[PDB]
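Novice: Before anything else, here's the structure in question.
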Amino acid sequence: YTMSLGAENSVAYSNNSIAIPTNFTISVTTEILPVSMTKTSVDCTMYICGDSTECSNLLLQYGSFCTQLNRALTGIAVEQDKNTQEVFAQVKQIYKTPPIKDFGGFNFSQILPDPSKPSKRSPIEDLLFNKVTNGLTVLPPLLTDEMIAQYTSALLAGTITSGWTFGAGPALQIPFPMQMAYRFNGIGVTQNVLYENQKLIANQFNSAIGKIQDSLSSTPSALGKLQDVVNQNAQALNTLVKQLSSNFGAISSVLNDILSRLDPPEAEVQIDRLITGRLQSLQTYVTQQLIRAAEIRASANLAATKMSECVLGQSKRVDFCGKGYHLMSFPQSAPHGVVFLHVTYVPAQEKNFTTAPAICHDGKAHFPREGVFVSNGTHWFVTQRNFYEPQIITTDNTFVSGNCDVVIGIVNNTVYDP
Amino acid sequence: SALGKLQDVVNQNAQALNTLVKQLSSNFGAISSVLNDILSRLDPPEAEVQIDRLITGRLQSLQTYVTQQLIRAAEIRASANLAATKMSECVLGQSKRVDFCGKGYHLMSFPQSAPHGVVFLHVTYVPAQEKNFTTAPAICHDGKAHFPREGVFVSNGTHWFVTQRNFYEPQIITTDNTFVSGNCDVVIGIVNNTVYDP
Amino acid sequence: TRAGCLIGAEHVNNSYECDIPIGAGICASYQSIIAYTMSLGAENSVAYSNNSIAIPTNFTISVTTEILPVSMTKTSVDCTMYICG
Amino acid sequence: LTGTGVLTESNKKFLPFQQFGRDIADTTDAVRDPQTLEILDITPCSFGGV
Ligand SMILES: *[C@@H]1O[C@H](CO)[C@@H](O[C@@H]2O[C@H](CO)[C@@H](O)[C@H](O)[C@H]2NC(C)=O)[C@H](O)[C@H]1NC(C)=O
Ligand SMILES: *[C@@H]1O[C@H](CO)[C@@H](O[C@@H]2O[C@H](CO)[C@@H](O)[C@H](O)[C@H]2NC(C)=O)[C@H](O)[C@H]1NC(C)=O
Ligand SMILES: *[C@@H]1O[C@H](CO)[C@@H](O[C@@H]2O[C@H](CO)[C@@H](O)[C@H](O)[C@H]2NC(C)=O)[C@H](O)[C@H]1NC(C)=O
Ligand SMILES: *[C@@H]1O[C@H](CO)[C@@H](O[C@@H]2O[C@H](CO)[C@@H](O)[C@H](O)[C@H]2NC(C)=O)[C@H](O)[C@H]1NC(C)=O
Ligand SMILES: *[C@@H]1O[C@H](CO)[C@@H](O[C@@H]2O[C@H](CO)[C@@H](O)[C@H](O)[C@H]2NC(C)=O)[C@H](O)[C@H]1NC(C)=O
Ligand SMILES: *[C@@H]1O[C@H](CO)[C@@H](O[C@@H]2O[C@H](CO)[C@@H](O)[C@H](O)[C@H]2NC(C)=O)[C@H](O)[C@H]1NC(C)=O
Ligand SMILES: *[C@@H]1O[C@H](CO)[C@@H](O[C@@H]2O[C@H](CO)[C@@H](O)[C@H](O)[C@H]2NC(C)=O)[C@H](O)[C@H]1NC(C)=O
Ligand SMILES: *[C@@H]1O[C@H](CO)[C@@H](O[C@@H]2O[C@H](CO)[C@@H](O)[C@H](O)[C@H]2NC(C)=O)[C@H](O)[C@H]1NC(C)=O
Ligand SMILES: *[C@@H]1O[C@H](CO)[C@@H](O[C@@H]2O[C@H](CO)[C@@H](O)[C@H](O)[C@H]2NC(C)=O)[C@H](O)[C@H]1NC(C)=O
Ligand SMILES: *[C@@H]1O[C@H](CO)[C@@H](O)[C@H](O)[C@H]1NC(C)=O
Ligand SMILES: *[C@@H]1O[C@H](CO)[C@@H](O)[C@H](O)[C@H]1NC(C)=O
Ligand SMILES: *[C@@H]1O[C@H](CO)[C@@H](O)[C@H](O)[C@H]1NC(C)=O
């Protein structure tokens, strides 16, 4: 079939009507970012030649190719540890949550570490770690999974107990329903809206966190970004292994068979063919590993940017920290990766109102100081832009500039004086 | 080791050049690594074979050098795009992005030229000498809930004030710096205090 | 270690910052050469409670350096002269 | 079939027509001794980086 981009949505535009949200959804979304790869090291001499001394004597004629391949792989291996260091080690203080989890109804048990588990992981992090499944050596990562989990636990404790203050200096404690109100004011919604509806926001947040855990437990292709990196590295290593079984035009792919069947003048030619074939295979592997290392470094720089801007602070950048108005984010460790739980504010249950740019009163034009003039049909109010909260149009929330003869669409209404 | 990032690039480029020069000393299976020795020792039917071995070895070395030069060029281009972004957002403006222009609340930045690089002096504001206070979300007065317009309610133990969030500057809780929304029955943790009217 | 066998370094029970990385959480430093499990940070417990806040009373104007590479050395290789002279 | 390795006892029960054993990566990791019909695992020697 011919595909369809999306459902059509004719927005009901007119020159004097506005849509104001009357409700909200606290939406938590997952973002999975790869950070590092498997650190692989190849003994070039043993991969080309094994233990054959005649092969290594012929390999010395080609110079320092093996040194360049080893140095490129060493650079990739230290670049992975540098990537993990830049992503997760953004704090030098290891914070802990208080033993009493009184956060005003907000539940963080699915993201805080479980004391009953020996790995000290969160239930979400435990599910993430469960859902990820010849001269060759695998160097271990410098940071173990326990220490990456400890770093994420410190980041979670800092962003829960101290707000964004720990990312800019000393950790200054603040109650979580106040932190949330500050985040509400960062997206342009008044503190009162948060305080009045704090039970509903806590219930929505807990329901969204549970839906995140259920969606991760019910979707096999949730962690496909990390699995693609793991599969690419394993498939590249398998291809580099399988290139040893090819003779590359020689009589056999085994150096011992050539050295036992032929004299060294012709075994030199056959071994030279095997050497140049295996060297071409190793150069191809190292080149594609360098390209994938550049891609993983770009992804890790992006992940460090999201760690700095979504977890350690509240970001005004649209769609950088989830879909909707970004409130906060929570980091979770993943095998060779990071998972950001973006908690965002989504407006909902919008309602039509008749709107005007200014109010004409006593020959003067009044403009809203922070909100917008709305009308339900008979009476005029001023409300904040992202939530319907009608208030009487007074001189305290409006300002006067000019007369009524200039502004197009100014309407007549009284302005109350306290 | 302060300037290690530029010195790393300089050392990598010099080491790549040194390796490319060193690769001329290898014969790659030929009788000699010197072309003049082959051209002065052999007839062109076999000197063609020896020169062909030298040509394919040196061409493989040169293609390898160009491959990591292009990879390092991509890395340096990404770093330079990042540096141009920092020059646009930290020097030519004040950035709200956390840790993009230094540790702390970013105030301004200074660019300095460096050999094959740029050094940003990020001037930032760090809070210090913090003090505990008892806080409340709202003030209950005359059956009405009062919330701070821009600050936060704090208490030193007996008296309630409102202050800006990033610096302790206590002021009397008035109607000029608070706003009224709803009664006192809804907000959890509202406390009783007077609200002064100028 | 999980990275391998380390000979010539005295293993200590103290945790320091990583000076020379060994791997699998092991780092080495000179003070003789010692090997240790690296500390992640100084441990800080935030005094959280539901009605207390911490407000700064002072500030520090902090200037930090950030070094970013911009360009490389522009190298050109005569391919014919390099291969053949 | 020649090589270098550590020859240990194997729990892999070969079928009587099979002589050598390969893993996923086509490397000989199991073999049958021709003198006495027993199965031996071939572990590669402990190469490492210094
Ligand atoms: C605001 O008013 C407009 C116009 O009265 C509504 O738009 C109509 O919605 C109905 C129901 O979906 C459609 O059948 C019409 O075609 C729409 N008209 C236009 C011109 O788009 C709109 O739904 C109202 N908004 C709300 C939130 O009720
Ligand atoms: C705003 O939306 C929330 C849900 O997003 C509404 O809360 C629901 O209210 C109905 C009826 O009162 C209950 O049956 C549901 O159980 C509530 N859901 C939750 C999650 O609490 C709320 O009523 C809406 N408010 C307005 C003014 O529309
Ligand atoms: C926070 O959330 C957790 C899990 O969402 C709640 O733990 C559940 O508690 C009920 C009753 O106590 C048990 O039946 C469930 O089995 C628990 N779930 C898990 C995963 O342990 C917890 O009660 C919530 N509240 C607090 C204050 O922690
Ligand atoms: C628009 O809003 C105003 C105020 O919210 C409404 O005026 C009130 O309507 C109720 C319903 O009869 C009365 O009991 C109140 O006495 C009215 N208050 C005032 C100050 O007049 C008005 O009815 C709304 N109009 C529409 C079309 O919904
Ligand atoms: C809004 O108020 C202004 C001023 O009270 C109205 O302007 C008057 O309009 C009448 C007839 O249109 C004229 O005779 C007056 O001379 C006007 N006065 C001024 C000062 O301009 C205006 O018509 C009102 N608009 C609406 C929609 O009621
Ligand atoms: C909290 O701050 C207020 C205002 O600075 C203090 O009130 C003053 O205290 C001094 C010293 O006792 C008196 O001389 C003033 O007369 C007080 N002013 C008023 C308006 O009463 C208060 O003592 C402080 N409380 C604590 C526990 O430090
Ligand atoms: C804050 O003030 C309100 C009103 O002055 C107090 O509420 C009253 O409390 C008494 C005793 O608990 C009741 O008999 C009244 O009926 C309450 N009145 C209302 C309007 O609720 C409240 O107790 C005070 N709180 C504190 C902490 O002092
Ligand atoms: C604010 O008060 C809290 C608790 O009253 C202080 O936290 C204590 O600080 C001491 C000194 O370092 C520690 O020995 C305690 O273990 C801390 N208690 C807890 C529960 O963490 C805190 O230091 C005070 N803040 C300031 C700036 O004075
Ligand atoms: C805020 O901190 C500054 C230093 O960061 C303090 O200034 C010092 O004050 C002491 C005593 O007055 C002097 O001996 C120093 O010479 C000052 N240093 C500088 C650089 O001027 C300042 O007093 C602090 N203010 C408060 C209110 O705590
Ligand atoms: C809005 O459009 C209507 C016609 O649809 C027109 O009568 C009215 O003057 C317009 N108002 C403004 C402010 O442009
Ligand atoms: C804070 O916790 C105490 C118990 O430790 C409780 O009495 C008080 O009501 C709580 N206040 C709020 C606003 O949750
Ligand atoms: C081969 O010789 C060995 C010598 O010990 C003997 O044990 C075995 O039974 C003989 N036959 C076969 C079929 O292996």
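Residues are named by chain letter and number: chains run A, B, ... in the order of the structure tokens, numbers start at 1 in each chain, and ligands are numbered from 1 in the order shown.
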Please determine the contact residues of chain C with respect to chain D at a cut-off of 12 Å, counting only C-alpha atoms, and supply them as a PyMOL selection string.
Specialist: chain C and resi 3-7
Novice: Can you build me a table of chain B residues sitting at most 10 Å from ligand 9, with the closest atom pair per residue and its distance in Å to one decimal, using only C-alpha atoms and all ligand atoms, sorted by chain and residue number, as a Markdown table?
Specialist:
```
| residue | atom | partner | partner_atom_place_in_ligand_line | distance |
| --- | --- | --- | --- | --- |
| B:128 | CA | ligand 9 | 2 (O) | 8.0 |
| B:129 | CA | ligand 9 | 28 (O) | 7.0 |
| B:130 | CA | ligand 9 | 28 (O) | 9.7 |
| B:168 | CA | ligand 9 | 27 (C) | 9.7 |
```
Novice: Show me which residues sit within 12 Å of ligand 2 when counting only C-alpha atoms and all ligand atoms, and put them as a PyMOL selection string.
Specialist: chain A and resi 21-27+193+196-208+345-351+387-389
Novice: Residues of the last selection are to be written out with N, CA, C and O atoms, as a short mmCIF file (atom, residue, chain, number, x, y, z; two decimals), in the first residue's frame.
Specialist:
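again.cif was written with the following content:
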```cif
data_model
loop_
_atom_site.label_atom_id
_atom_site.label_comp_id
_atom_site.auth_asym_id
_atom_site.auth_seq_id
_atom_site.Cartn_x
_atom_site.Cartn_y
_atom_site.Cartn_z
N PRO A 21 -5.69 24.59 28.36
CA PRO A 21 -5.80 23.29 29.02
C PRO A 21 -6.40 23.42 30.41
O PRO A 21 -6.10 24.37 31.14
N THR A 22 -7.25 22.47 30.76
CA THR A 22 -7.86 22.43 32.08
C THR A 22 -7.31 21.31 32.95
O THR A 22 -7.70 21.20 34.11
N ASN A 23 -6.42 20.48 32.42
CA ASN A 23 -5.89 19.35 33.17
C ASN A 23 -4.51 19.00 32.61
O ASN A 23 -4.03 19.60 31.66
N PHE A 24 -3.89 17.98 33.21
CA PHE A 24 -2.53 17.62 32.84
C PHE A 24 -2.28 16.14 33.09
O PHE A 24 -2.97 15.50 33.88
N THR A 25 -1.29 15.62 32.38
CA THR A 25 -0.83 14.26 32.53
C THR A 25 0.66 14.30 32.84
O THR A 25 1.43 14.94 32.11
N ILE A 26 1.06 13.64 33.92
CA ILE A 26 2.47 13.45 34.25
C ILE A 26 2.93 12.21 33.51
O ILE A 26 2.59 11.09 33.88
N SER A 27 3.71 12.40 32.45
CA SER A 27 4.08 11.33 31.54
C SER A 27 5.56 11.02 31.70
O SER A 27 6.40 11.92 31.61
N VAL A 193 -0.97 25.49 41.60
CA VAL A 193 -1.54 24.39 40.83
C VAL A 193 -0.93 23.07 41.30
O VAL A 193 -1.62 22.06 41.46
N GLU A 196 -2.18 22.43 45.20
CA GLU A 196 -3.58 22.03 45.31
C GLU A 196 -3.81 20.61 44.80
O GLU A 196 -4.61 19.86 45.37
N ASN A 197 -3.12 20.23 43.73
CA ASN A 197 -3.31 18.93 43.09
C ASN A 197 -2.10 18.02 43.30
O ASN A 197 -1.70 17.31 42.40
N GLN A 198 -1.55 18.00 44.51
CA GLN A 198 -0.31 17.26 44.75
C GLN A 198 -0.57 15.76 44.85
O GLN A 198 0.25 14.96 44.37
N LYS A 199 -1.71 15.37 45.41
CA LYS A 199 -2.08 13.96 45.49
C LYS A 199 -2.32 13.36 44.11
O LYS A 199 -1.87 12.24 43.83
N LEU A 200 -2.99 14.10 43.23
CA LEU A 200 -3.24 13.62 41.87
C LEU A 200 -1.95 13.50 41.07
O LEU A 200 -1.77 12.54 40.31
N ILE A 201 -1.03 14.45 41.24
CA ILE A 201 0.25 14.41 40.53
C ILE A 201 1.11 13.26 41.03
O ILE A 201 1.77 12.58 40.24
N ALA A 202 1.09 13.01 42.34
CA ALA A 202 1.84 11.88 42.89
C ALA A 202 1.26 10.55 42.40
O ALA A 202 2.02 9.64 42.05
N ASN A 203 -0.07 10.45 42.33
CA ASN A 203 -0.70 9.22 41.84
C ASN A 203 -0.41 9.00 40.36
O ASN A 203 -0.13 7.87 39.94
N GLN A 204 -0.44 10.08 39.56
CA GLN A 204 -0.11 9.98 38.14
C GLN A 204 1.34 9.60 37.93
O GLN A 204 1.66 8.81 37.03
N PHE A 205 2.25 10.16 38.74
CA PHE A 205 3.67 9.84 38.63
C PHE A 205 3.93 8.37 38.98
O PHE A 205 4.70 7.70 38.29
N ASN A 206 3.29 7.87 40.05
CA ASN A 206 3.48 6.48 40.43
C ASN A 206 2.89 5.53 39.39
O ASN A 206 3.49 4.49 39.07
N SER A 207 1.73 5.89 38.82
CA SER A 207 1.12 5.09 37.77
C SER A 207 1.98 5.08 36.51
O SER A 207 2.10 4.04 35.85
N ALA A 208 2.59 6.21 36.17
CA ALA A 208 3.45 6.27 35.00
C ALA A 208 4.73 5.46 35.20
O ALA A 208 5.21 4.82 34.26
N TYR A 345 5.48 17.09 31.63
CA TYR A 345 4.14 17.61 31.81
C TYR A 345 3.46 17.71 30.45
O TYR A 345 3.98 18.39 29.55
N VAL A 346 2.33 17.04 30.29
CA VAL A 346 1.57 17.09 29.05
C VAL A 346 0.23 17.77 29.34
O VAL A 346 -0.51 17.29 30.21
N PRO A 347 -0.10 18.87 28.68
CA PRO A 347 -1.43 19.47 28.85
C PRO A 347 -2.53 18.57 28.31
O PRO A 347 -2.33 17.81 27.36
N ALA A 348 -3.70 18.64 28.94
CA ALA A 348 -4.81 17.77 28.56
C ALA A 348 -6.13 18.45 28.91
O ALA A 348 -6.17 19.39 29.72
N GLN A 349 -7.20 17.96 28.27
CA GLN A 349 -8.58 18.42 28.45
C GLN A 349 -8.72 19.92 28.17
O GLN A 349 -9.19 20.69 29.00
N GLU A 350 -8.30 20.32 26.97
CA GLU A 350 -8.35 21.72 26.59
C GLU A 350 -9.79 22.16 26.32
O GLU A 350 -10.67 21.36 26.00
N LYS A 351 -10.01 23.47 26.47
CA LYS A 351 -11.33 24.05 26.31
C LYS A 351 -11.22 25.35 25.52
O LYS A 351 -10.27 26.11 25.69
N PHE A 387 -2.52 26.50 31.89
CA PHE A 387 -3.50 25.87 32.75
C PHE A 387 -4.66 26.83 32.95
O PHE A 387 -4.44 28.03 33.11
N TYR A 388 -5.88 26.32 32.93
CA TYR A 388 -7.04 27.18 33.10
C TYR A 388 -7.22 27.50 34.57
O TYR A 388 -7.57 26.62 35.37
N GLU A 389 -7.00 28.76 34.93
CA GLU A 389 -7.21 29.25 36.29
C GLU A 389 -7.73 30.67 36.16
O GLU A 389 -6.94 31.63 36.16
#
```
Novice: With 8 Å as the limit and counting only C-alpha atoms, what residues in chain B lie close to chain A? Please list them as an NGL selection string.
Specialist: :B and (19 or 23 or 26-29 or 57 or 67 or 71 or 75 or 96-100 or 103-105 or 126-128 or 130 or 137 or 147 or 181 or 186-188)
Novice: Can you write just those residues out, N, CA, C and O atoms, as a compact mmCIF listing (two decimals), in the first residue's frame?
Specialist:
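Output file selection-v4.txt is given in full below:
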```
# COMPACT_ATOMS: atom_id res chain seq x y z
N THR B 19 55.19 7.32 11.37
CA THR B 19 54.90 5.97 10.91
C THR B 19 54.89 5.89 9.39
O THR B 19 55.42 4.93 8.80
N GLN B 23 57.48 3.62 7.18
CA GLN B 23 57.02 2.55 6.30
C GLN B 23 57.77 2.47 4.98
O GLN B 23 57.68 1.45 4.29
N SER B 26 60.56 -0.43 4.83
CA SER B 26 60.17 -1.82 4.69
C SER B 26 60.15 -2.22 3.22
O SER B 26 59.68 -1.47 2.36
N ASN B 27 60.68 -3.41 2.93
CA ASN B 27 60.74 -3.92 1.57
C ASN B 27 59.48 -4.65 1.12
O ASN B 27 59.31 -4.85 -0.08
N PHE B 28 58.61 -5.04 2.06
CA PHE B 28 57.32 -5.71 1.80
C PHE B 28 57.50 -6.99 0.99
O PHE B 28 56.70 -7.31 0.11
N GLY B 29 58.55 -7.75 1.29
CA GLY B 29 58.83 -8.98 0.58
C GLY B 29 59.76 -8.85 -0.61
O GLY B 29 60.15 -9.87 -1.17
N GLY B 57 52.86 -2.32 -1.27
CA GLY B 57 53.08 -2.08 0.15
C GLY B 57 52.97 -0.61 0.53
O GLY B 57 52.29 -0.26 1.50
N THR B 67 43.11 6.86 5.80
CA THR B 67 41.91 6.40 6.50
C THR B 67 41.87 6.91 7.94
O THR B 67 40.86 7.50 8.37
N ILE B 71 39.35 9.76 9.74
CA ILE B 71 38.65 9.51 11.01
C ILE B 71 38.99 10.58 12.04
O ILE B 71 38.10 11.12 12.72
N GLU B 75 36.64 13.48 13.92
CA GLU B 75 36.66 13.75 15.36
C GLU B 75 36.97 15.22 15.66
O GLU B 75 36.31 15.84 16.50
N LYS B 96 21.51 28.90 29.85
CA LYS B 96 20.78 28.19 30.90
C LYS B 96 21.12 26.71 30.94
O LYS B 96 20.65 26.01 31.85
N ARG B 97 21.90 26.21 29.99
CA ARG B 97 22.22 24.79 29.94
C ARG B 97 23.22 24.44 31.04
O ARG B 97 24.26 25.08 31.18
N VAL B 98 22.88 23.42 31.82
CA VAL B 98 23.68 23.04 32.98
C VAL B 98 24.94 22.33 32.51
O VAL B 98 24.88 21.43 31.67
N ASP B 99 26.09 22.79 33.02
CA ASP B 99 27.43 22.27 32.77
C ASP B 99 27.88 22.40 31.32
O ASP B 99 28.90 21.81 30.93
N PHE B 100 27.16 23.16 30.50
CA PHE B 100 27.63 23.45 29.15
C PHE B 100 28.71 24.51 29.15
O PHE B 100 29.62 24.47 28.31
N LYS B 103 31.15 24.55 35.53
CA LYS B 103 30.47 24.01 36.70
C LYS B 103 29.89 25.15 37.52
O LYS B 103 30.61 26.08 37.90
N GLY B 104 28.60 25.08 37.80
CA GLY B 104 27.90 26.11 38.53
C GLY B 104 26.93 26.87 37.64
O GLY B 104 26.70 26.52 36.48
N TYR B 105 26.35 27.92 38.21
CA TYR B 105 25.46 28.79 37.46
C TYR B 105 26.29 29.72 36.58
O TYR B 105 27.05 30.55 37.10
N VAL B 126 28.91 30.16 42.10
CA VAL B 126 28.79 28.98 42.94
C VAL B 126 28.16 29.40 44.27
O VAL B 126 28.68 30.31 44.92
N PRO B 127 27.05 28.80 44.69
CA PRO B 127 26.53 29.08 46.03
C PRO B 127 27.45 28.56 47.11
O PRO B 127 28.14 27.55 46.93
N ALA B 128 27.46 29.25 48.25
CA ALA B 128 28.35 28.87 49.34
C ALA B 128 27.76 29.36 50.66
O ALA B 128 26.91 30.26 50.69
N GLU B 130 25.83 27.75 53.01
CA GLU B 130 24.40 27.50 53.14
C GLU B 130 24.00 27.36 54.60
O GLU B 130 24.81 27.02 55.47
N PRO B 137 5.17 25.42 52.26
CA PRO B 137 4.72 25.72 50.90
C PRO B 137 3.86 26.97 50.80
O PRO B 137 3.89 27.65 49.77
N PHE B 147 1.17 32.27 48.46
CA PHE B 147 2.30 31.60 47.85
C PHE B 147 3.29 32.64 47.35
O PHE B 147 2.87 33.73 46.94
N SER B 181 -4.27 32.15 46.37
CA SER B 181 -5.00 31.16 45.58
C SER B 181 -5.63 30.14 46.52
O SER B 181 -4.92 29.34 47.13
N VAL B 186 -6.64 22.93 51.50
CA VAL B 186 -6.21 22.05 50.43
C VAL B 186 -4.71 21.80 50.47
O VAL B 186 -4.26 20.66 50.31
N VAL B 187 -3.92 22.85 50.70
CA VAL B 187 -2.47 22.74 50.63
C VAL B 187 -1.94 21.98 51.83
O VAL B 187 -2.22 22.34 52.99
N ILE B 188 -1.18 20.93 51.57
CA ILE B 188 -0.60 20.10 52.63
C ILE B 188 0.64 20.78 53.18
O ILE B 188 1.58 21.09 52.43
```
Novice: Using only C-alpha atoms and all ligand atoms, which protein or nucleic acid residues are at most 6 Å from ligand 10, as a list in words?
Specialist: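 Answer in the requested format: residues 15, 408 and 409 of chain A.
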Novice: Compute the chain A side of the contact with chain C at 8 Å, counting only C-alpha atoms, and hand it back as a PyMOL selection string.
Specialist: chain A and resi 91-98+102-104+139-144+147+151+158+161-162+171-176
Novice: Let me make sure I understand: among A:281, A:414, A:134, A:395, which one has the smallest atom-to-atom distance to residue 46 in chain D if we use only C-alpha atoms?
Specialist: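 Of all the options, A:134 lies closest to residue 46 in chain D.
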Novice: Could you list, as a list in words, the residues of chain A having an atom within 9 Å of chain D when counting only C-alpha atoms?
Specialist: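 That gives the following set of residues: residues 43, 51, 134, 135, 137, 238, 239, 241, 242, 245, 256 and 257 of chain A.
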Novice: Could you tell me how far atom 15 (C, counted along the ligand's line) of ligand 3 lies from CA of residue 343 in chain A, in Å and to one decimal?
Specialist: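 Going from atom 15 (C, counted along the ligand's line) of ligand 3 over to CA of residue 343 in chain A, I get 22.9 Å.
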Novice: Where in range 1-103 of chain A does DSSP assign helix (DSSP H, G or I), given as a VMD selection string?
Specialist: chain A and resid 44 to 49 53 to 62 65 to 88
Novice: Find the spatial neighbours of residue 296 in chain A, counting only C-alpha atoms, within a cut-off of 8 Å - ignore same-chain residues fewer than 3 positions away - and output them as JSON, numbers by chain.
Specialist: {"A": [34, 35, 36, 37, 292, 293, 299, 300]}
Novice: Would you save the residues from that selection as a PDB file, in the first residue's frame, using N, CA, C and O atoms?
Specialist:
```pdb
ATOM      1  N   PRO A  34      23.260   4.191  23.981  1.00  0.00           N
ATOM      2  CA  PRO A  34      24.513   3.455  24.184  1.00  0.00           C
ATOM      3  C   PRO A  34      25.641   4.388  24.591  1.00  0.00           C
ATOM      4  O   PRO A  34      25.715   5.538  24.155  1.00  0.00           O
ATOM      5  N   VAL A  35      26.533   3.875  25.438  1.00  0.00           N
ATOM      6  CA  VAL A  35      27.630   4.655  26.000  1.00  0.00           C
ATOM      7  C   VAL A  35      28.986   4.108  25.571  1.00  0.00           C
ATOM      8  O   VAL A  35      29.841   4.852  25.082  1.00  0.00           O
ATOM      9  N   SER A  36      29.198   2.805  25.730  1.00  0.00           N
ATOM     10  CA  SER A  36      30.482   2.193  25.427  1.00  0.00           C
ATOM     11  C   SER A  36      30.260   0.888  24.675  1.00  0.00           C
ATOM     12  O   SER A  36      29.137   0.397  24.559  1.00  0.00           O
ATOM     13  N   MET A  37      31.348   0.335  24.151  1.00  0.00           N
ATOM     14  CA  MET A  37      31.332  -0.975  23.518  1.00  0.00           C
ATOM     15  C   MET A  37      32.152  -1.961  24.337  1.00  0.00           C
ATOM     16  O   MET A  37      32.717  -1.631  25.383  1.00  0.00           O
ATOM     17  N   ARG A 292      32.712   2.653  14.080  1.00  0.00           N
ATOM     18  CA  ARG A 292      31.730   2.399  15.129  1.00  0.00           C
ATOM     19  C   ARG A 292      32.118   3.061  16.446  1.00  0.00           C
ATOM     20  O   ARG A 292      31.239   3.468  17.209  1.00  0.00           O
ATOM     21  N   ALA A 293      33.418   3.202  16.714  1.00  0.00           N
ATOM     22  CA  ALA A 293      33.865   3.901  17.912  1.00  0.00           C
ATOM     23  C   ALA A 293      33.547   5.386  17.834  1.00  0.00           C
ATOM     24  O   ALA A 293      33.196   5.999  18.845  1.00  0.00           O
ATOM     25  N   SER A 299      27.312   9.161  20.408  1.00  0.00           N
ATOM     26  CA  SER A 299      26.171   8.792  21.244  1.00  0.00           C
ATOM     27  C   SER A 299      26.460   9.017  22.725  1.00  0.00           C
ATOM     28  O   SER A 299      25.575   9.427  23.481  1.00  0.00           O
ATOM     29  N   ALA A 300      27.701   8.783  23.150  1.00  0.00           N
ATOM     30  CA  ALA A 300      28.061   8.979  24.548  1.00  0.00           C
ATOM     31  C   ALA A 300      28.179  10.455  24.897  1.00  0.00           C
ATOM     32  O   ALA A 300      27.872  10.844  26.026  1.00  0.00           O
TER      33      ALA A 300
END
```
Novice: Show me, as a PyMOL selection string, every residue of chain C with an atom at most 10 Å from chain B, counting only C-alpha atoms.
Specialist: chain C and resi 47+49-75+77+79-80+82-85
Novice: Quick one: write out the picked residues with C-alpha atoms as an mmCIF file, in the first residue's frame?
Specialist:
```cif
data_model
loop_
_atom_site.group_PDB
_atom_site.id
_atom_site.type_symbol
_atom_site.label_atom_id
_atom_site.label_comp_id
_atom_site.auth_asym_id
_atom_site.auth_seq_id
_atom_site.Cartn_x
_atom_site.Cartn_y
_atom_site.Cartn_z
ATOM 1 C CA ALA C 47 20.026 16.007 55.504
ATOM 2 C CA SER C 49 13.414 16.270 55.777
ATOM 3 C CA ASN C 50 9.975 17.292 54.613
ATOM 4 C CA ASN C 51 9.984 20.845 56.026
ATOM 5 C CA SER C 52 13.632 22.003 56.003
ATOM 6 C CA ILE C 53 15.487 23.877 53.268
ATOM 7 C CA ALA C 54 19.086 25.005 52.818
ATOM 8 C CA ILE C 55 19.560 28.563 51.546
ATOM 9 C CA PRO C 56 22.975 29.940 50.500
ATOM 10 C CA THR C 57 24.191 33.008 52.354
ATOM 11 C CA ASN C 58 27.272 33.661 50.205
ATOM 12 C CA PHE C 59 28.801 32.960 46.817
ATOM 13 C CA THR C 60 32.043 32.231 45.006
ATOM 14 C CA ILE C 61 32.899 33.666 41.599
ATOM 15 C CA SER C 62 34.605 30.649 40.041
ATOM 16 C CA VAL C 63 36.560 30.761 36.781
ATOM 17 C CA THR C 64 37.254 27.419 35.111
ATOM 18 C CA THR C 65 39.212 26.472 31.998
ATOM 19 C CA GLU C 66 37.866 24.449 29.085
ATOM 20 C CA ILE C 67 40.306 23.455 26.336
ATOM 21 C CA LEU C 68 38.818 22.408 22.988
ATOM 22 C CA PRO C 69 40.812 21.457 19.870
ATOM 23 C CA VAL C 70 39.747 23.227 16.682
ATOM 24 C CA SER C 71 42.020 22.184 13.808
ATOM 25 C CA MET C 72 44.910 19.881 12.957
ATOM 26 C CA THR C 73 48.103 20.318 11.005
ATOM 27 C CA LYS C 74 47.212 20.508 7.304
ATOM 28 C CA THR C 75 49.313 17.717 5.794
ATOM 29 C CA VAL C 77 51.309 13.921 0.632
ATOM 30 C CA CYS C 79 51.367 10.166 -3.654
ATOM 31 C CA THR C 80 53.586 9.641 -6.714
ATOM 32 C CA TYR C 82 55.951 8.997 -1.759
ATOM 33 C CA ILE C 83 55.490 5.696 -3.592
ATOM 34 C CA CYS C 84 58.117 6.209 -6.290
ATOM 35 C CA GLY C 85 60.238 9.339 -5.860
#
```
